[PDB]
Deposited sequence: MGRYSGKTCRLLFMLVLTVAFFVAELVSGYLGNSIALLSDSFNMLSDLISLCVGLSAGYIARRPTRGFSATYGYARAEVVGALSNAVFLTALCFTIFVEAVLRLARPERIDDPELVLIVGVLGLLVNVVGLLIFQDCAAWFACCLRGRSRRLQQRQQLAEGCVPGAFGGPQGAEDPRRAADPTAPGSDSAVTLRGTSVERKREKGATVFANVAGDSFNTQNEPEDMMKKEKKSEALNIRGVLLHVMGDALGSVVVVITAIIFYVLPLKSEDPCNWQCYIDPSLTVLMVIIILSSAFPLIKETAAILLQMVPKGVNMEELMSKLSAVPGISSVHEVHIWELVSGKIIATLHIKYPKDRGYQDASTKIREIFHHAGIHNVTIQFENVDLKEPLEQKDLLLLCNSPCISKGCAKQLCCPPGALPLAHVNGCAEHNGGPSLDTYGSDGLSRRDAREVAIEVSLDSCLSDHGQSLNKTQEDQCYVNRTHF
C-alpha cells in the first residue's frame, strides 16, 4: 500500500483551506472539506490495515476491531455531510451577498494542483467528486482571470458563479455520502445484509426435516463478508440434532453465512423460547420478548 497519500493529502487540505479563505472561494473551501473527508478515509483505511495482519480479539472487543472500517465510514460520511451543510449555507449567503475572489491567481494555482493531486490519487461518483470540485475551482478562478473584475466596480454575474457551482457540488457530494450513510447505518443497525434474502432462508430453515420450530433468528453483518447468524432452534427431544445442525449450517453456507450459532431447545406454549434468562423479570431486557 501507499502511505505518502496521507501526508500529501493533509498538507494539501491545509493548503486549500488556507487559500480558500485567502482567495474567498467556497469551491476551494468545499474541495478542502472534501479532501479532509478523503484524508479521514485514508486514516480509516490505515486503521483497518493495522487491525488486520495483527488481530487482537481480546476481552474488550469480542468480534475484534473489524467494525472500525464501517464506523469510520459512517463517521466520515456524517463529517462530510456537516461540512457540506456549512458550505451550502455559506453559498446560499453568497447567493444573496455576492463577494469577489481576492486572489484569483492563488485560487487558480491551488485548484490546478488539487486537480493534479486527485488525478494522481485515482491513478495510484464518489471518486470523481474531488476531481470535479477541483475543476469547479479552476473554472471559477479562470472566469475571474480571463475577464477580470475591477474592485471599484460592483459584483457582476461573475460573483454568482462560485456559489452556484459550489451548491451544485454540495448536491453531488451529498448524492454520494447519503448512500454511504444508509449502507453503513444499515450495517451498524444490526440489520440483515442486503445479499441475504431472509424470506427464502427462513422457508428453508422451517423446511429442514426433524425440526419443530425456529425462533430468535438474528442475522447481522460485522463487515463486508462477515455475516453473523445467531439462531435458536426447537427440536424433538427423542431425536438428535446432528443432522439438523449439518443441514442448517449448509443452508446458511449456501446463503453466504458462515458464522452460525445454533441453540437447540428440547420439545400452544411449545413455540416460545425454552431457555430465556433465569428470571421472569428478564423478559424486559430480552430481545424478541416472549
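Undergrad: Can you give me the gaps, meaning deposited-sequence stretches with no C-alpha coordinates, in sequence order?
TA: Coordinates drop out over 1 to 9, 134 to 242, 386 to 394, 418 to 485.
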